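Have a look at the structure below before the remarks.
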Amino acid sequence: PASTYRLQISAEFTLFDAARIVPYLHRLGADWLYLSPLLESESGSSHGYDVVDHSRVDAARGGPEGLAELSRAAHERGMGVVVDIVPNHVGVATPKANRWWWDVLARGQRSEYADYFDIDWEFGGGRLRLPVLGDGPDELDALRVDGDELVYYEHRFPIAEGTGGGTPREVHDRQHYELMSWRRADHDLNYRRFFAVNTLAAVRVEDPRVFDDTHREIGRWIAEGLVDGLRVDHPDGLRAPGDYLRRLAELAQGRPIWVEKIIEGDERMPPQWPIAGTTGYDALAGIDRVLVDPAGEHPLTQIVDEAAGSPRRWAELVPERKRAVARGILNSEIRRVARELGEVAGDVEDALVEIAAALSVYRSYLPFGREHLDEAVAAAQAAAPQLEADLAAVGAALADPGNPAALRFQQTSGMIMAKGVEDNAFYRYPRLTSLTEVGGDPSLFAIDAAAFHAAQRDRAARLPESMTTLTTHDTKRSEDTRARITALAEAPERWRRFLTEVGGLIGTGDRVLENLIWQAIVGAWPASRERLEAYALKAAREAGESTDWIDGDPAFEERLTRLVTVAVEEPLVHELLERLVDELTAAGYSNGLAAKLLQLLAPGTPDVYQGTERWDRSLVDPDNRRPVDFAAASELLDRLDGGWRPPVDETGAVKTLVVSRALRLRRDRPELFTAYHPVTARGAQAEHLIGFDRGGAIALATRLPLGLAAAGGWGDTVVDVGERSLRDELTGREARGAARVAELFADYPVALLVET
């Protein structure tokens, strides 16, 4: 595909609703639709990752008739369809809705589905532990019997055959499941789950029986020509992702497969994987970092370190926070690997925690990635010399793929990375929160144009079909929120002054968190009090420093809610905020356009999240899944195609112009995309030009717009565009040879030159 356009399908936006906006998406220039998970999922699921019935398309989403209509609308226009599929786990929030899980609760190990799940029956004393009770004492007094079902408030469970008797507690003691406090999931869970979400139970898709049953309807989509590609959710939780992908590629009949897989730095995936590439976070990281002014690193870091009283060091934060999740909410997983190892040493658990903390990647794929494991063991031995011998012993066992503990550990270290780093350490390291993003290393503050270009060349050389992305349903902050936040690296003294002035009026007791919160408010502005308050509570709990998800601090949380209320409604704070936003608005627009144009023309397959053809100033899930006004966007595009040339403003029309012209170009004139050459400027402001030539199309953008403005604009600066005449797709303006950047960017901070 020339591009993909991601749609959140749900009961609020069904496959039939999607089919009705297919014409608009074709008009916009989208090539393939990228659909969220479609198999039958938990009633009311807005996301579809909690599958309950693999046999059919989810009825709330339109069912098989909806998929047939959507696929027909797209294919009759020459468009394609790639579907998000979820192989690792199923939804068990409502046990009755999941007939496989219900059967295991009713029959235990005699169930035909018992080995569809990953259950440590022996650790459970022969019972499957369900962490659904409240933490209060005497909680099973609420347990009642109703027919052949045990009931705990709204939860219902099967009473095994012939186990009915007298007293709910008595009946409960003979079941193949054991209801227990939700708190016991940290250490006593005996089934594999997705991260620490107890209502998502893993399925052993490495078993061909289970692959067949969970993929039969997906396979019908391929076989009957309804879908043209697949996106694999969370392959790093699978026991054998290489074998999984090999089986899927045959099921997909050689159609493209992308994997949601987080890359650390210059890590490479196993080359044998029959995939088109990733969903694009590795691309996101390079695009954001070429727009960060590297001179901001030290000042923005000092703002955090002074607020915190001791330096926030990413080299300390990552191992510490990974250690903490491995000893806390993910300890059940750690203990299970240690049971599988046996007493290969004392302190097996402690060795595992140290090795996971030191691991530099999400996971190995042994024998691939063995070097990452060896480095982690050596690093752990340096960090915990008292454990040197145990780390040696445990590391040697973890290095053998014929060792089941080694494979379970590969299924665990990525959970520890995601929950320790992305969902915790990120929120403790806010010197520039646009860099704390899925797939990013926030200690890598900026990259220069040369490094940016090398990143693009690498993708062109090894992953030419891989996705690039700037916003997804899982990003911490959407692309235009980050675009404005990134402008803070050009004005660190102005940011320090803002925090000082606004901090003279309101505060929470956590000045480090307030820096993170104010960046989000400034980047999302304007945003409702309700959205900002919801964001602030979530970010504070992710950080876990002044409140958390388990035992929060309500007094602190109300200081946080009040800070948000004051930002929106108190005259002086509100004015200080609006003034700063005004100062940063042009720069944020410039950065947003630069990121969007560079991403859409870069090597790979650009993905476009729903609605991001206009400004998207969303925050974290669920704020980045608000409903999209396709009608408004269609009208904007209609005016652009009517010849209207917009100013750069809050309507986002200039962004719809950039997105539509770039998508259409990639889709309808693919002969213009044959190579990748950096385009560098000459003159006083040359460093502010970032651009490249794909063959017959040149992407040109601005970086560091506040510095450019302060310097007086472009001045004498020129780009040599070639001995060829080219025309700007966004303005009609022509350029040949040495073109003044002040003319190329006379209307927009961005230009799309097409050879003539």
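Convention: chains lettered A, B, ... in structure tokens order; per-chain residue numbering from 1; ligands numbered from 1 as shown.
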Can you pull out the residues contacting residue 312 (chain A)? Cut-off 9 Å, using only C-alpha atoms, and skip same-chain residues under 6 positions away; I want them as an mmCIF file with C-alpha atoms, in the first residue's frame.
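See around.cif below for the written result:
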```cif
data_model
loop_
_atom_site.group_PDB
_atom_site.id
_atom_site.type_symbol
_atom_site.label_atom_id
_atom_site.label_comp_id
_atom_site.auth_asym_id
_atom_site.auth_seq_id
_atom_site.Cartn_x
_atom_site.Cartn_y
_atom_site.Cartn_z
ATOM 1 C CA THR A 301 17.134 18.780 32.248
ATOM 2 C CA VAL A 304 13.660 18.691 36.271
ATOM 3 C CA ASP A 305 16.702 18.045 38.444
ATOM 4 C CA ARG A 428 9.138 10.376 35.989
ATOM 5 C CA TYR A 429 11.362 11.886 33.271
#
```
Can you pull out the residues contacting region 269-272 of chain A? Cut-off 9 Å, using only C-alpha atoms, and skip same-chain residues under 5 positions away; I want them as a PyMOL selection string.
chain A and resi 242+246+261+263+277+365+368-369
Calculated over only C-alpha atoms, which of the candidates A:268, A:666, A:298, A:419 has the smallest distance to residue 492 (chain A)?
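Once distances to residue 492 (chain A) are computed over only C-alpha atoms, the minimum belongs to A:298.
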Pick out each residue of region 81-269 of chain A that DSSP on the backbone tags as strand (DSSP E or B); I need them as an MDAnalysis selection string.
chainID A and resid 81:85 89:91 117 119 128:133 144:146 149:152 155:158 177:181 191 193:194 197:203 229:232 257:259
I need the chosen residues saved as a compact mmCIF listing (two decimals), in the first residue's frame, with C-alpha atoms.
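Output saved as again_30.txt:
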```txt
# COMPACT_ATOMS: atom_id res chain seq x y z
CA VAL A 81 -8.03 -3.39 3.86
CA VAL A 82 -5.58 -4.43 6.60
CA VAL A 83 -7.12 -5.68 9.88
CA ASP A 84 -5.68 -5.60 13.40
CA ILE A 85 -5.78 -9.14 14.86
CA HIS A 89 -5.06 -13.27 24.58
CA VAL A 90 -8.82 -13.24 25.09
CA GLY A 91 -11.23 -11.30 27.26
CA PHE A 117 -4.79 -21.27 28.20
CA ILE A 119 -2.29 -22.14 33.50
CA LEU A 128 -7.48 -21.57 38.68
CA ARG A 129 -7.17 -18.33 40.67
CA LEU A 130 -9.51 -15.49 39.70
CA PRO A 131 -8.58 -12.12 41.28
CA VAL A 132 -12.12 -10.72 41.24
CA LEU A 133 -12.85 -10.21 44.96
CA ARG A 144 -24.49 -16.34 46.66
CA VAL A 145 -25.86 -19.32 44.74
CA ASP A 146 -28.40 -18.89 41.92
CA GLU A 149 -24.03 -20.41 39.16
CA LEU A 150 -21.96 -18.90 41.94
CA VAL A 151 -22.58 -15.15 42.12
CA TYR A 152 -20.38 -12.36 43.50
CA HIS A 155 -19.92 -11.61 38.47
CA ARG A 156 -21.22 -15.10 37.68
CA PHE A 157 -19.28 -18.39 37.60
CA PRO A 158 -20.24 -22.00 36.84
CA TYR A 177 -11.57 -21.98 40.30
CA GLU A 178 -10.78 -20.01 43.46
CA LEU A 179 -12.12 -16.48 43.83
CA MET A 180 -9.58 -14.26 45.56
CA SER A 181 -8.70 -10.63 46.28
CA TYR A 191 -2.48 -17.99 34.59
CA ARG A 193 -2.28 -12.59 31.20
CA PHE A 194 -1.62 -9.55 29.03
CA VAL A 197 -4.60 -6.87 33.00
CA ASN A 198 -6.29 -9.80 34.73
CA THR A 199 -9.31 -9.78 32.41
CA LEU A 200 -7.08 -10.61 29.41
CA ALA A 201 -5.99 -14.26 29.55
CA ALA A 202 -3.31 -15.54 27.19
CA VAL A 203 -4.12 -18.36 24.76
CA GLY A 229 -3.22 -7.61 4.90
CA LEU A 230 -2.91 -8.10 8.62
CA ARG A 231 -1.47 -6.22 11.60
CA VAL A 232 -0.43 -8.44 14.53
CA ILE A 257 1.84 -8.56 7.67
CA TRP A 258 2.92 -5.78 10.02
CA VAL A 259 3.78 -6.41 13.68
```
Closest of A:296, A:571, A:642, A:208 to residue 115 (chain A) - atom-to-atom distances counting only C-alpha atoms:
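Counting only C-alpha atoms, the residue closest to residue 115 (chain A) is A:208.
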Can you measure CA of residue 226 (chain A) to CA of residue 45 (chain A) for me? One decimal in Å is fine.
23.2 Å
Tell me, as a PyMOL selection string, which residues lie within 10 Å of region 16-33 of chain A, counting only C-alpha atoms; anything in the same chain fewer than 6 positions away does not count.
chain A and resi 1-10+61-63+65-75+77-83+227-229+606-608+610+613+630-631+633-635+637-638+641+656-657+659-668
I'd like the neighbourhood of residue 337 (chain A) as a PyMOL selection string, where a residue qualifies if any of its atoms comes within 10 Å (using only C-alpha atoms), though same-chain residues fewer than 3 positions away should be ignored.
chain A and resi 331-334+340-342+348-349+352+398+404-409+411-412
For the selection just defined, write its residues with N, CA, C and O atoms to a file, as an mmCIF file, in the first residue's frame.
```cif
data_model
loop_
_atom_site.group_PDB
_atom_site.id
_atom_site.type_symbol
_atom_site.label_atom_id
_atom_site.label_comp_id
_atom_site.auth_asym_id
_atom_site.auth_seq_id
_atom_site.Cartn_x
_atom_site.Cartn_y
_atom_site.Cartn_z
ATOM 1 N N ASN A 331 5.006 -9.594 39.577
ATOM 2 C CA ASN A 331 5.786 -10.588 40.309
ATOM 3 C C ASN A 331 5.285 -12.015 40.068
ATOM 4 O O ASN A 331 6.077 -12.964 40.141
ATOM 5 N N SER A 332 3.986 -12.190 39.795
ATOM 6 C CA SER A 332 3.449 -13.515 39.489
ATOM 7 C C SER A 332 4.206 -14.170 38.344
ATOM 8 O O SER A 332 4.559 -15.360 38.407
ATOM 9 N N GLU A 333 4.460 -13.394 37.289
ATOM 10 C CA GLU A 333 5.238 -13.857 36.144
ATOM 11 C C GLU A 333 6.665 -14.224 36.541
ATOM 12 O O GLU A 333 7.180 -15.281 36.149
ATOM 13 N N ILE A 334 7.320 -13.357 37.318
ATOM 14 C CA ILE A 334 8.680 -13.631 37.767
ATOM 15 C C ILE A 334 8.718 -14.919 38.586
ATOM 16 O O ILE A 334 9.588 -15.775 38.389
ATOM 17 N N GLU A 340 9.754 -22.598 37.211
ATOM 18 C CA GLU A 340 10.194 -23.418 36.094
ATOM 19 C C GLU A 340 11.700 -23.663 36.111
ATOM 20 O O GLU A 340 12.157 -24.678 35.582
ATOM 21 N N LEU A 341 12.490 -22.761 36.688
ATOM 22 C CA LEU A 341 13.931 -22.977 36.707
ATOM 23 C C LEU A 341 14.338 -24.030 37.719
ATOM 24 O O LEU A 341 15.310 -24.758 37.493
ATOM 25 N N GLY A 342 13.606 -24.154 38.813
ATOM 26 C CA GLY A 342 14.091 -24.945 39.924
ATOM 27 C C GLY A 342 15.199 -24.176 40.614
ATOM 28 O O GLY A 342 15.516 -23.032 40.266
ATOM 29 N N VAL A 348 16.963 -17.200 42.978
ATOM 30 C CA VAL A 348 16.617 -17.267 41.559
ATOM 31 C C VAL A 348 15.743 -16.081 41.180
ATOM 32 O O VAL A 348 15.989 -15.407 40.173
ATOM 33 N N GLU A 349 14.715 -15.799 41.993
ATOM 34 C CA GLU A 349 13.849 -14.651 41.730
ATOM 35 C C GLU A 349 14.646 -13.355 41.625
ATOM 36 O O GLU A 349 14.423 -12.555 40.709
ATOM 37 N N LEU A 352 16.471 -13.180 38.375
ATOM 38 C CA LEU A 352 15.554 -12.863 37.280
ATOM 39 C C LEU A 352 15.236 -11.373 37.235
ATOM 40 O O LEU A 352 15.260 -10.753 36.167
ATOM 41 N N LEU A 398 18.604 -19.374 31.108
ATOM 42 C CA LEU A 398 17.771 -18.525 30.257
ATOM 43 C C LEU A 398 18.248 -18.458 28.814
ATOM 44 O O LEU A 398 17.500 -17.961 27.967
ATOM 45 N N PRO A 404 12.118 -24.540 29.012
ATOM 46 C CA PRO A 404 10.842 -23.804 29.025
ATOM 47 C C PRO A 404 10.875 -22.513 29.830
ATOM 48 O O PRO A 404 10.151 -21.567 29.480
ATOM 49 N N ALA A 405 11.709 -22.424 30.873
ATOM 50 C CA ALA A 405 11.810 -21.160 31.600
ATOM 51 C C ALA A 405 12.392 -20.063 30.718
ATOM 52 O O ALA A 405 11.997 -18.895 30.824
ATOM 53 N N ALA A 406 13.333 -20.420 29.843
ATOM 54 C CA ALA A 406 13.909 -19.448 28.925
ATOM 55 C C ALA A 406 12.842 -18.855 28.014
ATOM 56 O O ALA A 406 12.866 -17.657 27.705
ATOM 57 N N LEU A 407 11.882 -19.669 27.594
ATOM 58 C CA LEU A 407 10.861 -19.163 26.691
ATOM 59 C C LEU A 407 9.815 -18.347 27.441
ATOM 60 O O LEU A 407 9.325 -17.330 26.925
ATOM 61 N N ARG A 408 9.456 -18.767 28.656
ATOM 62 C CA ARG A 408 8.531 -17.954 29.435
ATOM 63 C C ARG A 408 9.158 -16.610 29.787
ATOM 64 O O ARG A 408 8.469 -15.584 29.816
ATOM 65 N N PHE A 409 10.471 -16.589 30.027
ATOM 66 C CA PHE A 409 11.125 -15.328 30.348
ATOM 67 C C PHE A 409 11.047 -14.350 29.170
ATOM 68 O O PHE A 409 10.813 -13.153 29.363
ATOM 69 N N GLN A 411 8.666 -14.133 27.215
ATOM 70 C CA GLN A 411 7.273 -13.711 27.291
ATOM 71 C C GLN A 411 7.006 -12.758 28.444
ATOM 72 O O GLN A 411 5.883 -12.265 28.572
ATOM 73 N N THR A 412 7.996 -12.501 29.285
ATOM 74 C CA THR A 412 7.846 -11.698 30.489
ATOM 75 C C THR A 412 8.650 -10.407 30.441
ATOM 76 O O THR A 412 8.162 -9.367 30.890
#
```
Atomic separation - CA of residue 116 (chain A) relative to CA of residue 241 (chain A), Å
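Atom-to-atom, CA of residue 241 (chain A) to CA of residue 116 (chain A), that is 16.7 Å.
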Picked from region 510-691 of chain A by DSSP as helix (DSSP H, G or I), as number ranges by chain
A: 511-524, 529-543, 554-569, 571-601, 623-625, 630-641, 653-668, 670-672, 686-688
For C-alpha atoms, I'd like the residues from the last selection saved as a short mmCIF file (atom, residue, chain, number, x, y, z; two decimals), in the first residue's frame.
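Saved to part29.cif:
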```
data_model
loop_
_atom_site.label_atom_id
_atom_site.label_comp_id
_atom_site.auth_asym_id
_atom_site.auth_seq_id
_atom_site.Cartn_x
_atom_site.Cartn_y
_atom_site.Cartn_z
CA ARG A 511 6.82 20.16 40.95
CA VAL A 512 8.31 17.47 38.70
CA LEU A 513 4.84 16.18 37.85
CA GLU A 514 3.60 19.76 37.39
CA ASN A 515 6.21 20.27 34.66
CA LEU A 516 4.78 17.21 32.87
CA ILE A 517 1.18 18.43 33.43
CA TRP A 518 1.86 22.00 32.22
CA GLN A 519 3.54 20.65 29.08
CA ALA A 520 0.39 18.64 28.36
CA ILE A 521 -1.91 21.59 29.02
CA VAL A 522 0.20 23.88 26.81
CA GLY A 523 0.43 21.27 24.06
CA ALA A 524 -3.25 20.31 24.08
CA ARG A 529 -11.32 20.98 31.96
CA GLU A 530 -12.78 17.44 31.90
CA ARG A 531 -10.22 16.16 29.40
CA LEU A 532 -7.29 17.85 31.15
CA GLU A 533 -8.41 16.64 34.58
CA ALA A 534 -8.76 13.06 33.30
CA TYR A 535 -5.29 13.31 31.78
CA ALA A 536 -3.74 14.75 34.96
CA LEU A 537 -5.13 11.98 37.19
CA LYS A 538 -3.89 9.31 34.78
CA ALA A 539 -0.40 10.78 34.37
CA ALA A 540 -0.05 11.17 38.15
CA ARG A 541 -1.03 7.53 38.73
CA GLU A 542 1.30 6.26 35.99
CA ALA A 543 4.13 8.16 37.68
CA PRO A 554 -7.04 11.53 47.24
CA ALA A 555 -5.82 14.77 48.88
CA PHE A 556 -2.99 15.00 46.37
CA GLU A 557 -5.37 14.13 43.56
CA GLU A 558 -7.65 17.00 44.49
CA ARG A 559 -4.72 19.41 44.55
CA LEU A 560 -4.08 18.14 40.99
CA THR A 561 -7.72 18.58 39.91
CA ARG A 562 -7.69 22.14 41.35
CA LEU A 563 -4.51 22.96 39.38
CA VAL A 564 -6.32 21.97 36.15
CA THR A 565 -9.43 23.93 37.21
CA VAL A 566 -7.32 27.03 37.88
CA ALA A 567 -5.54 26.71 34.51
CA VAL A 568 -8.89 26.78 32.72
CA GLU A 569 -10.87 29.23 34.86
CA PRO A 571 -8.11 34.88 35.25
CA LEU A 572 -4.38 35.32 35.91
CA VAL A 573 -3.29 31.69 35.41
CA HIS A 574 -5.52 31.33 32.38
CA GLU A 575 -3.98 34.46 30.90
CA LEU A 576 -0.41 33.35 31.58
CA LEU A 577 -1.27 30.07 29.85
CA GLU A 578 -2.94 31.69 26.81
CA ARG A 579 -0.02 34.08 26.41
CA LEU A 580 2.53 31.26 26.32
CA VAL A 581 0.36 29.25 23.91
CA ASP A 582 0.15 32.27 21.62
CA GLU A 583 3.95 32.56 21.65
CA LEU A 584 4.29 28.87 20.70
CA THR A 585 1.39 28.54 18.27
CA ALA A 586 3.18 29.31 14.99
CA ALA A 587 6.11 27.10 16.01
CA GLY A 588 3.79 24.21 16.88
CA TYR A 589 2.02 24.55 13.53
CA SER A 590 5.39 24.67 11.75
CA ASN A 591 6.57 21.58 13.65
CA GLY A 592 3.31 19.74 13.02
CA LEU A 593 3.42 20.41 9.29
CA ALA A 594 7.11 19.48 9.16
CA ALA A 595 6.58 16.17 10.97
CA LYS A 596 3.52 15.33 8.86
CA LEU A 597 5.09 16.11 5.47
CA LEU A 598 8.40 14.42 6.33
CA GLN A 599 6.61 11.32 7.56
CA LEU A 600 4.19 11.04 4.61
CA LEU A 601 6.97 11.23 1.99
CA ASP A 623 -8.31 10.92 24.88
CA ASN A 624 -6.73 9.84 21.57
CA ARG A 625 -9.84 7.73 20.74
CA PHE A 630 -15.22 13.09 9.17
CA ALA A 631 -17.98 15.38 7.94
CA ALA A 632 -16.08 18.50 8.96
CA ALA A 633 -12.88 17.15 7.38
CA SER A 634 -14.71 16.27 4.15
CA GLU A 635 -16.04 19.83 3.92
CA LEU A 636 -12.55 21.28 4.49
CA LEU A 637 -11.09 19.06 1.76
CA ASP A 638 -13.95 20.04 -0.54
CA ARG A 639 -13.03 23.72 -0.07
CA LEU A 640 -9.35 22.99 -0.70
CA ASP A 641 -10.19 21.13 -3.90
CA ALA A 653 -7.00 23.37 6.62
CA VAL A 654 -3.29 23.82 5.83
CA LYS A 655 -2.67 20.39 7.34
CA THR A 656 -5.47 18.81 5.28
CA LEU A 657 -3.83 20.40 2.23
CA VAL A 658 -0.44 18.88 3.11
CA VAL A 659 -1.87 15.44 3.96
CA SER A 660 -4.17 15.19 0.94
CA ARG A 661 -1.61 16.40 -1.61
CA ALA A 662 1.09 14.11 -0.17
CA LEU A 663 -1.13 11.00 0.06
CA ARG A 664 -2.50 11.47 -3.47
CA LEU A 665 1.01 11.96 -4.84
CA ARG A 666 2.32 8.74 -3.26
CA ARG A 667 -0.78 6.84 -4.38
CA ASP A 668 -1.32 8.14 -7.91
CA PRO A 670 4.35 6.20 -7.48
CA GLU A 671 6.93 6.60 -10.26
CA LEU A 672 8.10 9.73 -8.37
CA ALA A 686 20.65 26.56 6.15
CA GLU A 687 20.32 24.42 9.30
CA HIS A 688 16.65 25.34 9.54
#
```
Pick from A:490, A:112, A:243, A:161 nearest to residue 207 (chain A), counting only C-alpha atoms
A:243
If we count only C-alpha atoms, what is near residue 212 (chain A) at a cut-off of 12 Å, once residues fewer than 4 positions away on the same chain are taken out, given as JSON, numbers by chain?
{"A": [54, 55, 87, 116, 204, 205, 206, 207, 208, 216, 217, 218, 219, 220, 244, 247, 248, 251]}
Output file for the residues above (N, CA, C and O atoms, as a PDB file, in the first residue's frame):
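Generated output (part25.pdb):
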```
ATOM      1  N   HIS A  54     -13.851 -16.106  18.601  1.00  0.00           N
ATOM      2  CA  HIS A  54     -13.038 -15.978  17.393  1.00  0.00           C
ATOM      3  C   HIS A  54     -13.757 -16.398  16.124  1.00  0.00           C
ATOM      4  O   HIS A  54     -13.175 -16.289  15.042  1.00  0.00           O
ATOM      5  N   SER A  55     -14.985 -16.894  16.225  1.00  0.00           N
ATOM      6  CA  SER A  55     -15.620 -17.538  15.093  1.00  0.00           C
ATOM      7  C   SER A  55     -16.320 -16.571  14.160  1.00  0.00           C
ATOM      8  O   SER A  55     -16.748 -16.995  13.083  1.00  0.00           O
ATOM      9  N   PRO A  87      -3.632 -12.176  18.528  1.00  0.00           N
ATOM     10  CA  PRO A  87      -3.419 -13.621  18.752  1.00  0.00           C
ATOM     11  C   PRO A  87      -3.043 -14.013  20.172  1.00  0.00           C
ATOM     12  O   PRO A  87      -3.090 -15.209  20.491  1.00  0.00           O
ATOM     13  N   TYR A 116      -5.907 -24.665  26.059  1.00  0.00           N
ATOM     14  CA  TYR A 116      -5.941 -23.456  25.252  1.00  0.00           C
ATOM     15  C   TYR A 116      -5.372 -22.259  26.000  1.00  0.00           C
ATOM     16  O   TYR A 116      -4.989 -21.277  25.358  1.00  0.00           O
ATOM     17  N   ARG A 204      -2.720 -20.224  24.124  1.00  0.00           N
ATOM     18  CA  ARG A 204      -1.497 -20.891  23.677  1.00  0.00           C
ATOM     19  C   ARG A 204      -1.547 -21.106  22.161  1.00  0.00           C
ATOM     20  O   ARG A 204      -1.608 -22.220  21.643  1.00  0.00           O
ATOM     21  N   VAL A 205      -1.483 -19.985  21.445  1.00  0.00           N
ATOM     22  CA  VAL A 205      -1.617 -19.973  19.998  1.00  0.00           C
ATOM     23  C   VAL A 205      -0.468 -20.697  19.291  1.00  0.00           C
ATOM     24  O   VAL A 205      -0.562 -20.974  18.091  1.00  0.00           O
ATOM     25  N   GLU A 206       0.611 -21.029  20.018  1.00  0.00           N
ATOM     26  CA  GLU A 206       1.677 -21.880  19.482  1.00  0.00           C
ATOM     27  C   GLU A 206       1.228 -23.318  19.272  1.00  0.00           C
ATOM     28  O   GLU A 206       1.911 -24.067  18.578  1.00  0.00           O
ATOM     29  N   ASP A 207       0.129 -23.719  19.893  1.00  0.00           N
ATOM     30  CA  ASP A 207      -0.501 -25.007  19.638  1.00  0.00           C
ATOM     31  C   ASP A 207      -1.315 -24.910  18.349  1.00  0.00           C
ATOM     32  O   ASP A 207      -2.200 -24.050  18.252  1.00  0.00           O
ATOM     33  N   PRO A 208      -1.052 -25.750  17.345  1.00  0.00           N
ATOM     34  CA  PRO A 208      -1.786 -25.621  16.068  1.00  0.00           C
ATOM     35  C   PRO A 208      -3.301 -25.780  16.195  1.00  0.00           C
ATOM     36  O   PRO A 208      -4.043 -25.130  15.448  1.00  0.00           O
ATOM     37  N   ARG A 216      -9.621 -19.161  12.326  1.00  0.00           N
ATOM     38  CA  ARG A 216     -10.425 -19.701  11.228  1.00  0.00           C
ATOM     39  C   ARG A 216     -11.192 -18.603  10.499  1.00  0.00           C
ATOM     40  O   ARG A 216     -11.243 -18.587   9.264  1.00  0.00           O
ATOM     41  N   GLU A 217     -11.776 -17.663  11.245  1.00  0.00           N
ATOM     42  CA  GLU A 217     -12.545 -16.601  10.612  1.00  0.00           C
ATOM     43  C   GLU A 217     -11.621 -15.593   9.925  1.00  0.00           C
ATOM     44  O   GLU A 217     -11.893 -15.162   8.798  1.00  0.00           O
ATOM     45  N   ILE A 218     -10.500 -15.245  10.565  1.00  0.00           N
ATOM     46  CA  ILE A 218      -9.462 -14.447   9.905  1.00  0.00           C
ATOM     47  C   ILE A 218      -9.064 -15.086   8.578  1.00  0.00           C
ATOM     48  O   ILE A 218      -8.933 -14.402   7.552  1.00  0.00           O
ATOM     49  N   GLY A 219      -8.887 -16.412   8.572  1.00  0.00           N
ATOM     50  CA  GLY A 219      -8.521 -17.102   7.347  1.00  0.00           C
ATOM     51  C   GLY A 219      -9.591 -17.031   6.277  1.00  0.00           C
ATOM     52  O   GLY A 219      -9.277 -16.995   5.081  1.00  0.00           O
ATOM     53  N   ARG A 220     -10.861 -17.013   6.682  1.00  0.00           N
ATOM     54  CA  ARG A 220     -11.940 -16.811   5.717  1.00  0.00           C
ATOM     55  C   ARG A 220     -11.855 -15.431   5.065  1.00  0.00           C
ATOM     56  O   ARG A 220     -12.085 -15.290   3.856  1.00  0.00           O
ATOM     57  N   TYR A 244       4.695 -18.448  14.908  1.00  0.00           N
ATOM     58  CA  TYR A 244       3.393 -17.833  14.707  1.00  0.00           C
ATOM     59  C   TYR A 244       3.339 -17.091  13.372  1.00  0.00           C
ATOM     60  O   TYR A 244       2.434 -17.319  12.559  1.00  0.00           O
ATOM     61  N   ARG A 247       3.252 -19.327  10.326  1.00  0.00           N
ATOM     62  CA  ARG A 247       1.919 -19.887  10.117  1.00  0.00           C
ATOM     63  C   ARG A 247       0.956 -18.835   9.579  1.00  0.00           C
ATOM     64  O   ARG A 247       0.117 -19.126   8.715  1.00  0.00           O
ATOM     65  N   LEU A 248       1.053 -17.608  10.090  1.00  0.00           N
ATOM     66  CA  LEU A 248       0.146 -16.559   9.652  1.00  0.00           C
ATOM     67  C   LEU A 248       0.415 -16.174   8.204  1.00  0.00           C
ATOM     68  O   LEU A 248      -0.522 -15.894   7.447  1.00  0.00           O
ATOM     69  N   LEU A 251      -1.396 -18.533   6.204  1.00  0.00           N
ATOM     70  CA  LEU A 251      -2.827 -18.268   6.312  1.00  0.00           C
ATOM     71  C   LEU A 251      -3.215 -17.033   5.506  1.00  0.00           C
ATOM     72  O   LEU A 251      -4.261 -17.022   4.846  1.00  0.00           O
TER      73      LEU A 251
END
```
d(CA of residue 403 (chain A), CA of residue 184 (chain A)) in Å
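So the answer is 27.9 Å.
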Shell of 8 Å around region 383-387 of chain A, only C-alpha atoms, local chain residues under 5 positions omitted, as an mmCIF file with N, CA, C and O atoms, in the first residue's frame:
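Below is the file that was written, selection_39.cif:
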```
data_model
loop_
_atom_site.group_PDB
_atom_site.id
_atom_site.type_symbol
_atom_site.label_atom_id
_atom_site.label_comp_id
_atom_site.auth_asym_id
_atom_site.auth_seq_id
_atom_site.Cartn_x
_atom_site.Cartn_y
_atom_site.Cartn_z
ATOM 1 N N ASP A 347 18.253 -17.398 45.494
ATOM 2 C CA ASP A 347 17.858 -16.100 44.955
ATOM 3 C C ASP A 347 17.679 -16.171 43.435
ATOM 4 O O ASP A 347 18.202 -15.346 42.678
ATOM 5 N N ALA A 351 17.827 -12.941 40.866
ATOM 6 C CA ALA A 351 18.577 -12.971 39.614
ATOM 7 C C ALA A 351 17.682 -12.612 38.428
ATOM 8 O O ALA A 351 18.070 -11.818 37.565
ATOM 9 N N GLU A 354 16.999 -8.876 38.371
ATOM 10 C CA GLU A 354 18.160 -8.111 37.923
ATOM 11 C C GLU A 354 18.375 -8.249 36.420
ATOM 12 O O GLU A 354 18.689 -7.262 35.745
#
```
